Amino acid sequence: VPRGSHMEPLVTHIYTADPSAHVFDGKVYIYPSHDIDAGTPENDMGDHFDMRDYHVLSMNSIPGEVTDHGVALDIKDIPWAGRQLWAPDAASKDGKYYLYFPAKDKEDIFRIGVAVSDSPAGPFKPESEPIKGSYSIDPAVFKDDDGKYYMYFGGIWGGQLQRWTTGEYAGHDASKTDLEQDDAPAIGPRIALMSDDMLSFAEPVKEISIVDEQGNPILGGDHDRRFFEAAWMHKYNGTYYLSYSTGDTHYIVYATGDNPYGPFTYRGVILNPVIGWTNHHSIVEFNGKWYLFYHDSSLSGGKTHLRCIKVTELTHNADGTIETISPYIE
């Protein structure tokens, strides 16, 4: 039956989170986390998010019937992975499809790997090692209009980005949160141009600057605006939109720039806080309409680790501002 008309859950047979939406073969393909009730301890390092596989979803229209294509990748078949298959993303190039995914390696360090298929629905064959020079979580692979592909990535707290300031892991006894310098600039998300074969980075990883309207860096203590996780890139009017989750303040916010690397100037809120602690999204154009894919914990009765994905229309103004969405108003 058709789904996605009144911000209802898009699927109810499994718990779903972290929706990354793409238009491939004229259909919407969604690459979400598959939440499970693992019963692991709950904490600020995210051990309660103990996902083990990915199902790819697709829609021919919005609203529309949502197809669950089954397990596209299982952690048991990723040779380098130890635990925790967190939010994935996909890209298409030269008739191949690439699934990018964060997982903890056998030293319990988040890395980002790639898996390859001939179909947007998978299943995907993982590379035996993660991407060299990758770390942390939440990849978003963005195809720019010039044909260049960039991976945006990173997440603080349990995503470990705060432990990577020197390009080597600071250790399991390092900061559990951020730089612990609230009057210093906040940690920024990461970006790298992808190699032609889509399996590696084509440059040393860069860090993105996010500034306020006066041009000053967003500070570590500014939790309403500083980067937490879930970077996403989209373009409108030739402007680059970096949107992201603020984590402990529960917003999706956005910042605008004139090129993939930024700097990006904080503009405002995309999505106000939802039911459940986490907030994670993507923004996609389909048949000339823009959509915000997001999640909440409504289906599970408010359990933070058992989520369901939803969709709503997103409105850009011609000046490039975006109207803030509040999830439970209409």
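Don't overthink the numbering: it's just position in the shown sequence, from 1.
Student: Quick check on the record: does 298 to 306 or 275 to 283 carry the larger mean Cα temperature factor?
Tutor: That would be 298 to 306.
Student: Taking only the CA atoms, which stretch has the higher mean B-factor in the record, 256 to 264 or 102 to 110?
Tutor: Higher of the two, by average CA B-factor, is 102 to 110.
Student: Would you mind checking which of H223, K206, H234, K176 has the top Cα temperature factor in the PDB entry?
Tutor: That would be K176.
Student: Can you tell me which of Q160, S134, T246, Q181 has the maximum CA B-factor listed in the PDB entry?
Tutor: Within the set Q160, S134, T246, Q181, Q181 shows the top C-alpha B-factor.
Student: Which third of the chain holds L57 when residues are ordered by C-alpha B factor: lowest, middle or highest?
Tutor: Its C-alpha B-factor, which the entry lists for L57, ranks in the middle third among residues of this chain.
Student: If you rank every modelled residue in this chain by C-alpha B factor, which third holds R83: lowest, middle or highest?
Tutor: Ranked within chain, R83 CA B lands in the middle tercile.
Student: Check where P19 lands among this chain's C-alpha B-factors and tell me if it's the lowest, middle or highest third.
Tutor: Within its chain, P19 is a lowest-third residue by C-alpha B-factor, going by the deposited values.
Student: Among the modelled residues of this chain, does the Cα B factor of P32 put it in the lowest, middle or highest third?
Tutor: It belongs to the lowest third of the chain when residues are ordered by C-alpha B-factor.
Student: Would you check the entry's CA temperature factor for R190 and let me know if it's in the chain's lowest, middle or highest third?
Tutor: Its C-alpha B-factor, which the entry lists for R190, ranks in the lowest third among residues of this chain.
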